[PDB]
Amino acid sequence: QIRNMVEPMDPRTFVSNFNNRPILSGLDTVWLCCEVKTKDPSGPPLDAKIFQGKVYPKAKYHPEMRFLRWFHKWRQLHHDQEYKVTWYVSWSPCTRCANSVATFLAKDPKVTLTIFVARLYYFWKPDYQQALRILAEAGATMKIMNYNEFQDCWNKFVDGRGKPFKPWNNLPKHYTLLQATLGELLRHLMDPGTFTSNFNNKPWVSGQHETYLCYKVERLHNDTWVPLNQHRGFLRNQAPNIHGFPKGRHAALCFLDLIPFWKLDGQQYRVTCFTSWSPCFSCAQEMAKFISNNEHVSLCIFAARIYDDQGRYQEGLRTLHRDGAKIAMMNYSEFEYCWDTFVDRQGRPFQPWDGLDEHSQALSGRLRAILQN
RNA sequence: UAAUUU
Ligand SMILES: [Zn+2]
Ligand SMILES: [Zn+2]
């Protein structure tokens with residue numbers, strides 16, 4: 001049993017080190033809770049361990065490297081078989097550890113590794129982004145710890161004395177910022193079937209209401225809009241969950257959450273989102289507030305379909321337009337751009353669905369009628 | 001809280 005395999009850490013140690021506030025000073029130690037399991041999950045781990053290591057000065061003593069050494073010796077002492085390793089790490093790997101683990105995984109196909117990270121270390125630095133991409137390309141599955149992973153870590157590796165895990169304030173908001181940033185820096189691409197299903201602009205027949213949203217940023221330079229390749233990606237709405245957002249968080253609000261997190265300077269920026277549903281009234285109100293907030297940012301909203309929220313959505317779109325947002329229905333060129341840019345297309349060109357242009361024209365006429373009232 | 005990497 002795990003509590004017999006690990007010496008559980010102090011609750012104060014866990015809460016202070018795994019707090020997922022993305023920008024957090026003072027934490028000079030990395031913590032790593034790991035389980036080693038067989039191909040079959042659904043058991044106690046073969047073994048479990050807690051490693052720690054000071055961030056500075058010697059990366060050779062970071063817990064990732066302590067794990068590699070311990071796991072080498074451990075595998076010597078147990079009958080060989082394929083292993084599934086899981087880490088909960090308080091900080092994501094530094095460039096040296098990311099490269100060492102990537103080398104280890106690439107040279108050993110019998111081992112697969114999943115890394116849940118509480119916070120992203122130096123996510124804004126190109127070297128760290130590149131090293132995490134190298135780790136991903138070696139096979140490591142990298143994810144941000146959410147409530148379930150924090151709770152699992154609490155249950156397995158913390159001396160909670162039977163008390164349940166108590167989430168700190170803003171755990172879900174921090175989670176969404178970090179997950180979007182991880183998607184950006186790993187350059188996650190949308191699944192092609194997911195894109196085609198959600199961005200088809202014929203009248204919607206599915207019972208699902210979900211919103212997918214692709215985003216990019218441009219900077220004004222010498223009177224020309226130039227690309228800002230850093231902040232490009234996609235996201236979706238957060239369905240309601242009492243451990244996350246109890247009333248949900250719509251895709252447009254998650255998008256708005258991202259913009260201050262980018263820490264844009266005073267230059268002129270044009271932020272564009274391609275959203276499968278036009279925003280509901282609440283989303284449009286919040287976007288209008290943001291526009292009134294950040295004059296150095298111009299919003300361009302392209303929508304695949306018009307979402308009738310059974311309420312004030314027309315007034316919402318009119319308010320958004322009145323406040324300076326560019327709102328347009330997506331036409332062929334916008335769909336093709338999103339296919340080429342955000343989708344895991346694997347060389348395949350954009351294949352438009354039936355009636356794309358006709359549905360675009362109908363929806364464009366509807367949008368024009370809404371905005372002219 | 002943009003957070004000491006030899
Ligand atoms: Zn390291
Ligand atoms: Zn909405």
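Chain identifiers are assigned alphabetically (A, B, ...) following the order of the sequence lines, protein sequences preceding nucleic acid strands; residue numbering begins at 1 within each chain.
Side-chain contact check for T341(A) versus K216(A): every heavy-atom pair is 4.5 Å or farther apart. A 4.5 Å side-chain heavy-atom check between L264(A) and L228(A) finds at least one atom pair inside the cut-off.
Looking at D257(A) and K173(A), no side-chain N of the basic residue comes within less than 4.0 Å of a carboxylate O on the acidic one, giving no salt bridge.
When atom types are taken as modelled, the side chain of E334(A) and the backbone of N331(A) share a donor-acceptor pair closer than 3.5 angstrom.
Counting 5' to 3', RNA chain B first comes under 4.0 angstrom of a heavy atom of chain A and last does so at the ends given by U1(B) to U6(B).
In this structure, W91(A) reaches the bases: a heavy-atom distance under 4.0 Å links it to at least one base atom across the strands shown. Across all strands, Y61(A) comes closer than 4.0 Å to no nucleic acid atom at all (heavy-atom distances).
For the ring-ring contact (aromatic ring centres under 6.0 Å, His included) test, residues two or more places apart in sequence or in another chain that qualify with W91(A) are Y121(A).
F195(A) belongs to a hydrophobic cluster whose other members, connected by ILVMFWY side-chain contacts under 4.5 Å either directly or through intermediates, are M190(A), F199(A), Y212(A), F234(A), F274(A), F302(A), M330(A), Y332(A), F335(A), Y337(A), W339(A), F342(A), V343(A), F350(A), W353(A), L356(A).
Projected onto RNA chain B by closest heavy-atom contact, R21(A) and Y56(A) fall at different nucleotides, the more 5' of which corresponds to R21(A). Nearest-nucleotide mapping onto RNA chain B: of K60(A) and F261(A), the residue sitting toward the 5' end is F261(A).
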